[PDB]
Amino acid sequence: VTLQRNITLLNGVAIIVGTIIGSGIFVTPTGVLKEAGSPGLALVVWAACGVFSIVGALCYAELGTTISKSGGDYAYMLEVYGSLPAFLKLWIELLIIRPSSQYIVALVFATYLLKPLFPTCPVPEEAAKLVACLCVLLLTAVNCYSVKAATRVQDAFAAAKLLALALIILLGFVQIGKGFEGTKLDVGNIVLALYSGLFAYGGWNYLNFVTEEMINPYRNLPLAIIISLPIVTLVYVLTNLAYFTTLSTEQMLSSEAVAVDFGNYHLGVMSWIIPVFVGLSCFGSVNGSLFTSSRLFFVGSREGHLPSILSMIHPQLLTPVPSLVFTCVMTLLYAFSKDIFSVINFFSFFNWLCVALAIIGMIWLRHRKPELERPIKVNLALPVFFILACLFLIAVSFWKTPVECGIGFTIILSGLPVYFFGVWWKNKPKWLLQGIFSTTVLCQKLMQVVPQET
Amino acid sequence: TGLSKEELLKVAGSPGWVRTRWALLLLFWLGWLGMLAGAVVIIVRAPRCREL
Ligand SMILES: CC(C)CCC[C@@H](C)[C@H]1CC[C@H]2[C@@H]3CC=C4C[C@@H](O)CC[C@]4(C)[C@H]3CC[C@]12C
Ligand SMILES: CC(C)CCC[C@@H](C)[C@H]1CC[C@H]2[C@@H]3CC=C4C[C@@H](O)CC[C@]4(C)[C@H]3CC[C@]12C
Ligand SMILES: N[C@]1(C(=O)O)C[C@@H]2CC[C@H]1C2
């Protein structure tokens, strides 16, 4: 009954390049430039975030081939920090990180897909919410019917967005063939350039949620990482180079949608292709996140942190139906948010703190338990550099934003009530246990799902 | 902490549950087609953009 391994190297590369390339290179090129002030520093933070991602991702290839459980960051945290730290990690991802980031790339899909019906005015907000929801629902249904559907969908749209980024880079090369740094340099401000840039690289850790579903993890996990992130970094610096050949700083700082202005300038009567490809680029990422998000919660239920129905599988299709239906519904609740793009600050803070704790754990476990196998081992310097870097980024951004970060810690600490109630302190009237069981078997009867075995 | 595969197929294969599960599947899928019809209506009813 347990999930079949069927992710190849190519479908794992499609998961990473598909899920990273995403929205950030279309919706956020303005975001770094507004903090970095000039193309010479802006195009540099695009490379710097690439490097920090590459060394962090290789660090995840060591950690992943070491421990080889699925559930990624959460699993690797449980093997080092134990039950409560791992639960708080997962509770942040259950409530905010994987719901909000999915609804963020879904709103961008809806907005840029509809944009050629409404050039030079706002797209109707309620239609942009419905088409964001239609995307999440249809990709939940595809991801429930077959992993050989959802991986082919990932391949399809990972190809599509790289063709689109090739057009954008090519039109950049055409322009510079046809034929500077006034900078607001401040350590208290360049950090928000970096936090803007890294959001566009977020996803190098996503293949670590499907290690128990790849056909040969000890080869294909570390190979898919190191094939993927150099491609992403190259595509991103060349794409920014293209935007800065076409547009002035004042245009990019004041325009709502940089790829649309780029399209308008280069393609005229044919300009609608660029909006549609930004759409198709987001759609691929909603899939890659529903894929890897459902597997995280499935692992969190298997290892006893999350209610039992989420661990179950539909035996005729071998898809984790209750987990997909939950991560879907949890994403659609973000439709009741007005200024949802605000949550990218909370996303940026919460994510690299969890990766920091994971890589602190990578060093700690290699010293504390040296007998565990290391099918790839790279260095002891890359972990140390990544830890001091991410802890700098966290400490400095916290220091500049105590009012926002303070309320942020209440999201973290909201887990302790639920942890004690469900996991550990375990209030247990026998009527409550009879109700939880009755509710679970009712959900089994609806979805036709059976628990995971051996 | 629930039914095994054996215990599930001995209950949830009943024609009442099969018809219920068919109903939920088609209810969802007509609901999604309805939500797309709703979006296509809003996109037609919305004030079209000023020309330049
Ligand atoms: C969930 C996935 C498939 C996306 C759904 C998006 C839907 C709502 C979009 C995609 C393409 C859109 C259509 C594209 C072109 C036109 C012609 C125009 O004169 C009226 C609107 C109309 C008819 C649009 C209606 C809305 C539409 C059907
Ligand atoms: C079509 C049905 C079966 C999908 C299953 C989920 C249903 C129950 C609910 C969950 C959350 C809901 C969405 C939540 C918020 C909004 C924003 C509002 O401005 C338009 C409707 C819309 C977009 C809702 C549509 C229906 C919805 C998707
Ligand atoms: N790389 C992302 C993108 O689409 O740009 C940002 C969020 C993390 C994975 C996706 C969603």
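Numbering of chain A is taken from Swiss-Prot, so the residues present carry the numbers 44-222, 233-507, in order.
The backbone N, Cα and C atoms fix where each Cβ goes, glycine too.
According to Swiss-Prot:
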type     : residues  : note
MOD_RES  : A:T45     : phosphothreonine
TRANSMEM : A:50-70   : transmembrane segment
TOPO_DOM : A:71-83   : topological domain 'Extracellular'
TRANSMEM : A:84-104  : transmembrane segment
TOPO_DOM : A:105-126 : topological domain 'Cytoplasmic'
TRANSMEM : A:127-147 : transmembrane segment
TOPO_DOM : A:148-169 : topological domain 'Extracellular'
TRANSMEM : A:170-190 : transmembrane segment
TRANSMEM : A:193-214 : transmembrane segment
TRANSMEM : A:243-263 : transmembrane segment
TOPO_DOM : A:264-276 : topological domain 'Cytoplasmic'
TRANSMEM : A:277-297 : transmembrane segment
TOPO_DOM : A:298-324 : topological domain 'Extracellular'
TRANSMEM : A:325-345 : transmembrane segment
TOPO_DOM : A:346-369 : topological domain 'Cytoplasmic'
TRANSMEM : A:370-390 : transmembrane segment
TOPO_DOM : A:391-395 : topological domain 'Extracellular'
TRANSMEM : A:396-416 : transmembrane segment
TOPO_DOM : A:417-430 : topological domain 'Cytoplasmic'
TRANSMEM : A:431-451 : transmembrane segment
TOPO_DOM : A:452-457 : topological domain 'Extracellular'
TRANSMEM : A:458-478 : transmembrane segment
TOPO_DOM : A:479-507 : topological domain 'Cytoplasmic'
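Below 8 angstroms of C-beta separation, residues 75-76, 234, 236, 238, 243, 246-247, 249-251, 253-254, 257-258, 261, 274-275, 278-279, 281-283, 285-286, 289-290, 293-294, 297, 408, 411-412, 415, 429, 431, 435-436, 438-439, 442-443 of the same chain, each at least six residues beyond the ends of the transmembrane segment (A:84-104), sit close to that stretch. Calculated from the flanking Cα atoms, the unmodelled 10-residue segment between A:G222 and A:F233 spans 17 Å. Note: the stretches the transmembrane segment (A:277-297) and the transmembrane segment (A:50-70) are in contact (3+ CB pairs below 8 A, sequence gap of 6 or more). Counted with DSSP, the topological domain 'Cytoplasmic' (A:105-126) comes out as 17 helix, 0 strand, 5 coil.
Secondary structure at A:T45 (phosphothreonine), taken from DSSP and collapsed to helix, strand or coil, is coil.
Across A:127-147, A:396-416, A:431-451, stretch A:396-416 shows the highest tally of CB pairs under 8 A with the transmembrane segment (A:243-263). Note: the topological domain 'Cytoplasmic' (A:479-507) comprises 18 helix, 1 strand, 10 coil (DSSP; helix = H, G, I, strand = E, B). Spatially, the transmembrane segment (A:50-70) is adjacent to the transmembrane segment (A:325-345); three or more Cβ-Cβ distances between them are under 8 Å for residues at least 6 apart in sequence. The largest share of C-beta pairs under 8 angstroms with the transmembrane segment (A:170-190) comes from A:370-390, of the ranges A:127-147, A:325-345, A:370-390, A:458-478.
Note on the topological domain 'Extracellular' (A:452-457): residues 241, 244-245, 398-399 of its chain, located 6 or more positions outside it, place their CB under 8 angstroms from a CB of the stretch. When each of A:127-147, A:325-345, A:370-390, A:458-478 is scored by its Cβ pairs under 8 Å to the transmembrane segment (A:193-214), the top-ranked stretch turns out to be A:325-345. Packing against the topological domain 'Cytoplasmic' (A:346-369) from elsewhere in the chain are residues 44-46, 112-115, 117-118, 121, 126, 129-130, 133, 136-137, 141, 145, 186-187, 262-263, 266, 375-377, 379-380, 475-476, 489, 493, 496-497, 500-505: each is 6 or more residues past its ends and has a CB under 8 Å from a CB in it.
Touching of the transmembrane segment (A:458-478) and the transmembrane segment (A:127-147) is concluded from the presence of at least three CB pairs under 8 A, sequence neighbours closer than 6 excluded.
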